[PDB]
Amino acid sequence: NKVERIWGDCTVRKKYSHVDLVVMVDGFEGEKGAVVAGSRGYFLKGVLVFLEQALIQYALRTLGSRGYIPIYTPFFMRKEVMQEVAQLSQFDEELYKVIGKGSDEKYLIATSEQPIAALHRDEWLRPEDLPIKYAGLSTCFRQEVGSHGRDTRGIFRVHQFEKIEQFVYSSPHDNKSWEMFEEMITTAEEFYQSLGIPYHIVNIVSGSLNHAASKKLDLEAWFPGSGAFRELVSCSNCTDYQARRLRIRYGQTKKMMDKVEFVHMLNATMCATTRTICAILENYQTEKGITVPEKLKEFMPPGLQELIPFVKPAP
Amino acid sequence: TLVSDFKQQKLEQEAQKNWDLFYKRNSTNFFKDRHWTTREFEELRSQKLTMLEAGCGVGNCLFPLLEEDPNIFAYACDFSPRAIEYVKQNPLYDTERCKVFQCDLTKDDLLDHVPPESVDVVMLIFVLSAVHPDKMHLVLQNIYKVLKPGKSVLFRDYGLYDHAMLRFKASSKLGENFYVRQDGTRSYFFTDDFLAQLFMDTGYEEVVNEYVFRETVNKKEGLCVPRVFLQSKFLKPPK
Amino acid sequence: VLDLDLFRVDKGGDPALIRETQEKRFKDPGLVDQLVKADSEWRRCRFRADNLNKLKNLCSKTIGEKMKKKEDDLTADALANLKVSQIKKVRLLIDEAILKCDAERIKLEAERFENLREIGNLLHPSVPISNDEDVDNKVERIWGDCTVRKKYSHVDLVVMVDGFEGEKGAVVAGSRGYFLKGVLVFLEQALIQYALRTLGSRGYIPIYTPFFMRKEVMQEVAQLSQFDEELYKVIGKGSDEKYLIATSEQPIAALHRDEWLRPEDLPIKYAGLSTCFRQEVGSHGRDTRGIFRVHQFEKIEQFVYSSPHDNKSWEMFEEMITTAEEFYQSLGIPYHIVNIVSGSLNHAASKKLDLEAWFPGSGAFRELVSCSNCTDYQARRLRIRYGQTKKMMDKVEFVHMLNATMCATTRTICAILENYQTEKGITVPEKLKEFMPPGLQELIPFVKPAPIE
RNA sequence: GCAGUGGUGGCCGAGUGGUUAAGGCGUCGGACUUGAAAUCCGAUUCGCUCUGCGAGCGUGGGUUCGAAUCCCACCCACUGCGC
Ligand SMILES: Nc1ncnc2c1ncn2[C@@H]1O[C@H](CSCC[C@H](N)C(=O)O)[C@@H](O)[C@H]1O
Ligand SMILES: [Mg+2]
Ligand SMILES: [Mg+2]
Ligand SMILES: [Mg+2]
C-alpha cells in the first residue's frame with residue numbers, strides 16, 4: 001500500500017485507547033446493548049450523543065459550503081434495485097434482509113451510496129448540470145463485526161452507525177472525473193486537518209479493490225492510545241461501471257448510429273461517526289477528560305464546550 | 001392510606017405465628033435482660049411472693065428479678081411455644097421457683113394453670129402493645145380473676161409520640177397509633193387516658209399512671225433521640 | 001401484565017373490579033373469569049407438583065444414605081425400611097406422575113398467560129369512559145390560534161421547497177419510500193438539535209438506541225397486535241429473531257430490565273433518539289400523504305422510570321406533557337390537548353394525553369405528541385424492582401414507567417411548513433435559527449411551483 | 001464467520017456429584033437494653049395450601065438415585081484467526 005502523504009504527528013502515543021475512553025466518559029453501554037440487540041449491540045448515551053450530533057452538523061455544513069446537496073435516504077431498498085448497486089458477495093455476507101407481512105424482499109442499506117446511486121437510475125442527464133454532488137446522510141447496517149483484539153472493540157466495529165458520504169456524478173470526458181476524485185479526497189483531508197487528526201493517505205493495492213473501483217485512496221488516522229493507523233475515509237472512482245448498469249446517461253440526446261455515453265460516479269466517505277469519535281477521543285485525551293476540538297465547540301451544548309470530563313475509572 | 005383491611009385480618013389471625021417465627025429467626029439474642037425492673041417498681045423490692053409474668057418471652061424480665069430475690073415463685077405465660085422452650089432450656093431455670101406455660105391471654109383462660117386470687121403481682125412489660133386494641137380488655141379480664149383482691153398489676157409499654165412511632169413509614173400504619181413491623185408483630189402506642197379507661201372498664205383502680213421520658217444516643221452516628229414510655233401501676237379493689 | 005393477586009380473592013384481590021375495568025375499556029369481560037378458573041386450577045396443580053418433587057427428593061436422599069452406609073403416601077421413615085431396588089421402583093412411579101403433572105401445569109400456565117396478556121391496565125379516574133374517539137375525546141387546553149387558514153398543505157409545500165423525492169423514493173424503497181433532501185435535511189437536523197438541547201437542559205440523558213431488538217426482549221415491551229403485524233423482521237446470515245423497533249421507548253424500557261433500582265435516583269429521565277420503522281401506512285385523503293405517514297422517520301422520545309408511591313408518577317405525567325407543550329409553544333405551533341377515551345387506550349396505559357397540532361393548510365388537527373402513564377404494567381413484566389432490598393414478608397414493588405413523544409421529525413416538519421408559509425417561502429422559526437446553516441436562517445425559498453397548480 | 005478458554009446470587013467470591021449455594025461487601029428494617037448503642041439483632045431470587053417444601057448457578061437440554069459440579073447445543077464475553 002503506497003503511502004502518498006503524511007499530515008500531523010503520527011508517532012506520538014497517549015495513555016488510553018478508545019475502548020476505555022468511551023467508558024470513562026460514560027457514553028457507552030455494551031452489555032445492556034448486547035442484551036437488547038445481541039453481539040456488538042450498543043447504546044450510546046450522554047456526552048457521546050452530543051459529540052456525534054456535533055460531528056454530523058459540522059460535516060454537513062462543510063459539505064454544504066462546497067456545493068453538496070444534503071440527502072437523507074431510505075434505510076432499506078428493494079432487491080431489484082440493490083442488485084444493480086451491490087455485488088453478490090455483499091448480499092450473503094453483509095446485507096440484512098427485511099421481512100414485512102405476507103413474506104417484499106427488502107434489504108437494509110450498507111451505505112448511503114447505494115440509495116444515492118439509484119436516485120438517478122434510467123435518466124439522461126444534461127451535460128450542463130453534471131458535477132452533481134450529494135452529501136448522503138443515513139444509518140448503515142453491516143453484519144461483519146469480526147474483532148482483532150481489544151483495540152477493535154467498543155464502538156469501532158459495530159453493526160449500526162451513522163455515516164456521511166460524498167457522492168458525485170461527473171462528466172466522462174476531459175479527465176474531469178479524476179480531477180473530481182482529487183477534489184473529493186482533498187475535501188476529506190481538509191475535514192480531518194480542521195479537526196486536528198493526524199493521518200496518512202494510502203493508495204490501495206490492486207488486489208484489494210472492489211469490482212467497480214478503478215482506483216481507491218484511504219485516509220488512515222493515527223490512534224495514539226492504540227498505536228495504530230485506522231481507516232477513516234475511503235475514496236473511490238468507479239468511472240462508468242455502475243452508471244451503465246443503472247443506465248445513467250451523459251447526454252440528453254442520442255445520436256443516430258452512435259452509442260450513448262454514461263456518466264462517471266465517485267463516492268467517498270466523509271465521516272463515519274463512531275470511528276471519528278474514537279479518533280477524537282484517542283487524540284484529544286488529557287488527564288482530566290477529552291478536550292473538545294476547536295471546530296466542534298459551536299455545535300456542542302453549553303457545559304460541553306471545553307472538556308468532556310472523566311466520570312468513571314478505566315476497565 | 002392505612003394498611004389493607006384484608007391484611008389487618010391476616011395480621012390478627014397470625015399473631016402467634018408471627019411471634020413464633022420471631023423467636024425462630026432471632027433466637028434469644030434480640031432483647032436484652034431488664035435489670036431496671038426491681039428499682040422501677042416499689043413492689044418486687046427485697047415473704048413468699050408469687051408472681052405471674054404475662055408474656056414472658058425468653059426470660060429477659062423474670063430471670064434477672066428471680067436471681068436477684070431468692071424467695072419468689074413465678075408463673076410464666078406466653079402463646080409462642082419457641083419462647084417457652086427457650087425459657088425451659090435456660091440453665092437458670094428450676095421448676096421449684098418457676099411455672100412456665102403457654103396461654104393465649106385473649107383466647108385461653110389463666111385458671112387452667114394458676115389458682116384464683118393467688119398471684120400477688122403480675123407484670124405487663126411491653127406485652128400489651130402486641131395485642132390488638134380491641135382484644136386488650138380480654139387480657140385485663142383474664143388476669144383480673146387470678147389477682148389477689150389487694151394485689152396489683154405492673155405495666156410499662158410504649159407511649160404516644162415515642163421515636164419508634166415516628167420512624168414507621170406510612171405504609172406500616174394499621175390505624176390511629178397502631179403500626180406493624182417488618183416481621184409481622186404489631187405496636188400500639190398508648191395514651192394515659194386510653195390505658196386508664198381500658199383498665200377502669202374491667203374492674204381495676206388506678207394508682208400511678210404517668211409517662212417516663214428517656215433518650216437514645218449513638219455517638220458514632222451522633223444520633224440522640226427522645227423516647228416516651230408509659231409506666232403505671234393498677235390495683236385490684238380490696239372490697 | 002397485571003398482578004395475579006388482583007384476581008385471587010383468598011388474597012386481598014377482587015376480580016369484580018377487573019371486570020368493571022374490562023368493561024370500561026370496552027374489551028371482553030369473562031376473560032377475567034377464564035383467568036380466574038385457570039389460575040385456581042394452576043394453583044392446585046402447582047401444589048401437587050411440589051409434593052411430587054418433595055417425594056422424589058426424599059427418595060434420592062434415602063438412596064444416597066443407604067449407599068454411603070453400604071447397605072404415594074410415603075413418609076421419611078416409611079422409605080427408610082426399603083432396599084434400594086424398591087425405592088427405585090417407587091421412583092419410577094414418581095417419575096410418571098411428575099411428567100403428566102408437568103404437562104398439565106405447562107398447559108395451564110400458557111392458558112392463564114394468554115388470558116392475562118389481553119387484560120388492560122387499571123384506568124385513571126380522569127379517563128372519559130367511551131368508545132367514540134371522534135365524539136367523546138375531551139379537550140383539556142388550547143394554545144394559539146387554531147382556526148386560521150393558509151394556502152398550501154404540507155403535501156405541496158415539501159415539493160415547492162425542493163426537499164422531497166417521492167417517486168424516486170418509491171422506486172428505491174417502495175410504497176411511501178422517500179428521499180429527504182436539501183433544506184429539509186437541515187431543518188430536520190435543526191429540530192433534532194433543538195429537542196436534544198431542551199431535553200438535556202431539563203435533566204434528561206440523551207441516549208441513542210440500537211434499532212434491532214431481539215424477539216425474547218421485544219415480547220416483553222410490545223403487544224400481540226403490534227408484534228404480529230406492525231413490526232418488521234430482520235434476518236442475517238444463519239436462521240434472525242430481530243425486529244426493527246417501532247419506537248425508542250421499546251429498547252429504553254429494556255435498558256434497566258431485571259434490575260433492583262435504588263429509590264434515590266429513581267426518577268431516571270431518558271431522551272431517546274432513534275429511527276422508527278412502522279409498517280402501517282394508510283392514507284385517509286391527500287393531506288395524510290407526503291411525509292406525514294411514512295415507514296421510516298426519526299423520533300425523539302421522553303422516557304421516565306418513576307417511584308410507584310406518593311402519586312409521583314402522575315406528577316411526572318403532568319411534567320412530561322408540560323415539557324412537550326412548552327417545546328411546541330417555543331416553536332410557535334398552535335395545538336390543543338385531548339384526553340383519550342377508554343376504548344382507545346392500549347393495554348398498558350392508565351391514561352393518555354395527546355397534543356394535536358392545528359394544520360392551517362389542511363384545516364385539521366393532527367396528533368404530534370402522545371403521553372402515556374403505564375404505571376407498573378410493564379415494569380412487572382420486565383422485573384424492574386423499586387428498591388434494592390427485598391423485605392421479609394412484603395411483596396416486591398415495581399417502578400412506574402412513563403413515555404411521551406417529544407418530536408417526530410417528519411410530522412413536526414409538516415406542522416412548521418404549514419404554519420410558517422408565506423407567499424415567498426417558509427419563515428424559519430426563531431428557535432431553530434441557531435441550528436440552521438448561514439443562508440437558511442431567515443427564509444426557505446420556494447423554488448418550484450405547486451403540484452396542484 | 002472459525003478454534004480455544006470461560007459464564008455463580010445486587011456485587012465480589014468459595015464451591016470437592018450428597019450445601020444451609022460458604023465467606024465477605026452493599027442495601028434494608030427492628031430494637032423493649034438502667035450493665036443502653038462511637039452499637040446489637042436480622043433480612044435480602046422465584047413459587048405454593050408458607051415455622052415447611054419446591055424451583056433456580058448464562059439459557060435450554062441430556063447422564064446419574066442425586067448436578068451449581070459431568071455432556072451437548074445455543075447465546076454472550078475474552079484470546080488467536082478469516083474478513
Ligand atoms: N396475647 C398474648 N398472649 C400471650 N402472650 C403474648 C400475647 N401477645 C404477645 N405475647 C407475647 O409477649 C411477648 C412480648 S416480647 C416481651 C417479653 C417480656 N415482656 C420481656 O420483658 O422480655 C412475645 O414474646 C409474645 O410471645
Ligand atoms: Mg456476579
Ligand atoms: Mg451470603
Ligand atoms: Mg441452567
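Residues numbered from 1 in each chain as written, not as in the entry; some residues may be left out. Chains lettered and ligands numbered in written order. Heavy atoms only, no water. Residues with missing side-chain atoms left out of burial classes, pairs and counts.

As stated in the entry header, the method of structure determination is cryo-EM and the reported resolution is 4.2 Å.

## Side note on the overall build of chain C
Basically, it comes down to this: The way it works is that DSSP assigns letters per residue, a run of H or I at least four long becomes a helix, a run of E at least two long becomes a strand, and they are numbered from the N terminus. Restricting the calculation to C-alpha atoms gives the radius of gyration, and the globule rule supplies 2.2 Å times the number of residues raised to the power 0.38.
What chain C contains, in helices and strands, is 14 helices and 17 strands. Computed over C-alpha atoms, the radius of gyration of chain C comes to 28 Å, more than 25% over the 22 Å expected from 2.2 N^0.38 for 453 residues, which places it beyond the range of a compact globule. With the principal axes as the frame, chain C shows a C-alpha extent of 100 × 50 × 40 Å.

## Looking at the interface of chain A and chain C
How big an interface is tends to be stated in terms of accessible area lost as the parts join. Heads up, the rule is: For this analysis, residues touch if any pair of their heavy atoms sits within 4.5 Å. In this classification, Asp, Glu, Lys and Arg are treated as charged, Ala, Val, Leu, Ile, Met, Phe, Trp, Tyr, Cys and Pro as nonpolar, and every other residue, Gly included, as polar. Strand pairing is defined by DSSP finding a minimum of two bridges between the two strands.
Contacts between the two partners involve 58 residues from chain A, matched on the other side by 58 residues from chain C. Of the residues forming the side of chain A that touches chain C, the biggest block, eight residues, is contributed by helix α3 (residues 47-65) of chain A. In terms of residue class, the side of chain A that touches chain C is built from 34 nonpolar, ten polar and 14 charged. Both strand β4 (residues 69-72) of chain A and strand β3 (residues 179-181) of chain C contribute to a ladder of two bridges, which runs antiparallel.

## Some thoughts on the protein's contact with RNA strand D
Operational definition: In these notes, residues near a molecule or strand are those with any non-hydrogen atom within 4 Å of it. Within 3.5 Å is the distance limit for a polar contact, defined as a pair of N or O atoms, with the added protein rule that one can donate a hydrogen and the other accept it, and that residues adjacent in sequence qualify only through two side-chain atoms.
Taken together, 70 residues surround RNA strand D, and among them A:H148, B:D20, B:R34, B:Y158 and B:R227 come closest. When the atoms of RNA strand D within 4 Å of the protein are grouped by moiety, sugar and phosphate amount to 61% of the total. Interatomic distance of 2.9 Å between a side-chain N/O atom of C:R8 and a phosphate oxygen of RNA strand D. Secondary-structure elements contributing two or more residues to the surface near RNA strand D are α2 (15-26), β5 (147-158), α7 (163-167), β9 (205-218) and β10 (223-235) of chain B together with α2 (31-68) and α4 (84-116) of chain C.

## Topic: the pairing of strand β4 (residues 205-208) of chain C
Look at any regular strand and the pattern is simple: side chains alternate between the two faces of the sheet. With two bridges joining them, strand β3 (residues 43-45) of chain A and β4(C) adopt antiparallel strand pairing. By the bridge assignment for β4(C), A:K45 is matched with C:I207. Both β4(C) and strand β9 (residues 268-277) of chain C contribute to a ladder of four bridges, which runs parallel. Across the sheet, residue C:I205 finds its bridge partner in β9(C), namely C:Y270.

## Regarding the packing of helix α1 (residues 15-24) of chain C against α2(C)
All names here are of chain C. This is how it is decided: Note on geometry: axes are lines fitted to C-alpha atoms, helical ones only across the stretch in contact, with angles between N-to-C directions running from 0 to 180 degrees. Oblique is the label for every angle not falling under 35 degrees (roughly parallel), over 145 degrees (roughly antiparallel), or within 65 to 115 degrees (roughly perpendicular).
Where α1 meets α2, the closest approach of the two axes is 9 Å, and the angle between their N-to-C directions is 150 degrees. Viewed along their axes, α1 and α2 adopt a mutual orientation that is roughly antiparallel. Together, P15, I18, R19 and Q22 of α1 and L31, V32, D33 and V36 of α2 make up the contact between the two elements. When its residues are assigned to classes, the contact of α1 with α2 shows five nonpolar, one polar and two charged.

## Concerning the sheet that holds strand β6 (residues 97-99) of chain A
Judged by pairing direction, the sheet is antiparallel, and its six strands sit side by side in the order β5(A)-β7(A)-β6(A)-β6(C)-β7(C)-β5(C) without closing on themselves. With partners counted over all chains shown, the strands left at the sheet margins are β5 (76-78) of chain A together with β5 (212-214) of chain C, one partner each. Adjacent strand axes in the sheet meet at a mean angle of 40 degrees when their direction is disregarded.

## A short note on empty space enclosed by the protein
Spelled out, the test is: Note on definitions: the grid is 1 Å and covers protein atoms alone; a cavity is a set of points where a 1.4 Å probe fits but cannot get out; a pocket is an open set with protein on both sides within 12 Å along at least five of seven lines; lining residues have an atom within 4 Å of a point. Grid points are joined across faces, edges and corners, and a volume is the space filled by probe spheres set on the points.
Taken as a whole, the largest cavity spans an internal volume of roughly 170 Å³. If you go around the largest cavity, you meet 17 residues; those closest to its centre are A:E162, C:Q189, C:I192, C:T275 and C:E298. Elements with a contribution of two residues or more to the lining of the largest cavity: α3 and β9 (132-141) of chain A together with α8 (183-202) and β9 of chain C. Approximately 110 Å³ is the volume found for the second largest cavity.

## Some points on the arrangement of the chains
Inter-chain contacts occur across two pairs of chains; the most extensive set of contacts lies between chains A and C. Left apart from each other, chain A and chain B have a closest C-alpha approach of 30 Å.

## What to know about the site of ligand 1
All names here are of chain B. Operational definition: The protein chains shown are the only cover counted for residues, whose accessible areas, like all others here, come from Shrake-Rupley with a 1.4 Å probe.
Near ligand 1 there are 19 residues, and of these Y23, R34, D78, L105 and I125 occur at the shortest range. Between an oxygen atom of ligand 1 and a side-chain N or O atom of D78, the distance comes to 3.0 Å. The contact in question runs from a nitrogen atom of ligand 1 to an N or O atom on the backbone of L105, over 3.0 Å. For ligand 1, whose unbound accessible area comes to 570 Å², protein coverage reaches 98%. For the shell around ligand 1, the class distribution of residues is eleven nonpolar, five polar and three charged.

## Remarks on the nonpolar core
The tendency in soluble globular proteins is for nonpolar side chains to be buried as a group. Stated precisely, the cut-off is as follows: Buried residues of nine kinds, namely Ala, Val, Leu, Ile, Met, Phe, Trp, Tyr and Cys, make up a nonpolar core once their side-chain atoms join them within 4.5 Å. Only protein chains enter the area calculation, which uses a 1.4 Å probe; residues under 20% of their type maximum are buried, those over 50% are exposed, and those in between are partly exposed.
Within the largest apolar cluster, 211 residues are counted, with the highest numbers of intra-cluster contacts made by A:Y169, A:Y192 and C:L432. The next biggest cluster of nonpolar side chains, apart from the first, holds 36 residues, and it includes B:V122, B:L128, B:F178 and B:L198.

## Focus: the environment of A:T111
Residues and elements named next belong to chain A. Here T111 shows up in the loop between β7 (106-108) and α6 (113-117). With near-sequence residues (within four places) excluded, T111 lies in contact with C140, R142, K163 and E165. Side-chain polar atoms of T111 contact the side chain of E165, separated by 3.1 Å.

## Here we look at the UniProt feature "binding site: ATP" in chain A
Residues and elements named next belong to chain A. Condition: UniProt positions are given in the numbering used here, feature names are shortened, and annotations may be inferred rather than shown by experiment.
UniProt feature "binding site: ATP": in the numbering of this structure it lies at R142, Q143, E144, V158, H159, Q160, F161, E231, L232, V233 and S234. Checking the annotated residues one by one, the ones that line the second largest cavity turn out to be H159 and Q160. Looking at the element boundaries, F161 is found in strand β10 (residues 160-170). When sequence neighbours within four positions are dropped, the list of residues in contact with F161 reads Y42, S138, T139, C140, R142 and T274. Along the chain, the position of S234 falls in strand β13 (residues 228-237). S234 sits in the buried class, given a relative accessible area of 18%. The residues contacting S234, other than those within four sequence positions of it, are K216, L217, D218, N267, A268 and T269. At a separation of 3.2 Å, a polar atom in the side chain of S234 contacts the side chain of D218.

## Examining the packing of aromatic side chains
Under the convention used in this document: Two aromatic rings, drawn from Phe, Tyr or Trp (for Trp, its six-membered ring), form a pair once their centres lie within 6.5 Å of each other, and the interplanar angle then sorts them: stacked below 30 degrees, edge-to-face above 60, tilted otherwise.
Applying the stated criterion across every chain, the model contains 59 aromatic pairs over all chains. Geometrically, the ring pair formed by A:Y58 and A:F299 is tilted, given 6.2 Å between the ring centres and 40 degrees between the ring planes. Comparing A:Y58 with A:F299, the two get one shared label, buried. Residues C:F303 and C:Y305 carry aromatic rings whose centres are separated by 5.0 Å and whose planes lie at 55 degrees to one another, so their mutual orientation is tilted.

## Points about the domain arrangement of chain C
Residues and elements named next belong to chain C. What counts here: For every domain, the bounds stem from an assignment made automatically or drawn from a database. Two parts placed together each lose some accessible area; with a 1.4 Å probe, that loss summed over both constitutes the buried area. Basic side-chain nitrogens of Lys or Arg form a salt bridge, by our definition, when they fall within 4 Å of a carboxyl oxygen of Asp or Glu.
The domain architecture assigned to chain C consists of domain 1 (4-116) and domain 2 (133-445). Distance from the C-alpha centre of domain 1 to the C-alpha centre of domain 2: 45 Å. The partner domain 2 presents eight residues to the five residues of domain 1 that form the contact. With both sides pooled, the region where domain 1 packs onto domain 2 buries about 480 Å², and carbon together with sulfur makes up 38% of that total. Per-residue buried area on domain 1 facing domain 2 is highest for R25, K27 and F113; these three make up 78% of the total on that side. Linking domain 1 with domain 2 are zero salt bridges, by the criterion used here.

## Brief notes about the sheet that holds strand β6 (residues 173-175) of chain B
All names here are of chain B. The sheet built from three strands is open, its strands ordered β6-β7-β8 with antiparallel pairing. This sheet does not close on itself; its edge strands, each paired only once, are β6 and β8 (186-188). Here the strands of the sheet are splayed against their neighbours by 25 degrees on average, with no regard to which way each runs. With three bridges joining them, strand β7 (residues 178-180) and β8 adopt antiparallel strand pairing. Looking across to β8, one finds that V180 is bridged to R186.

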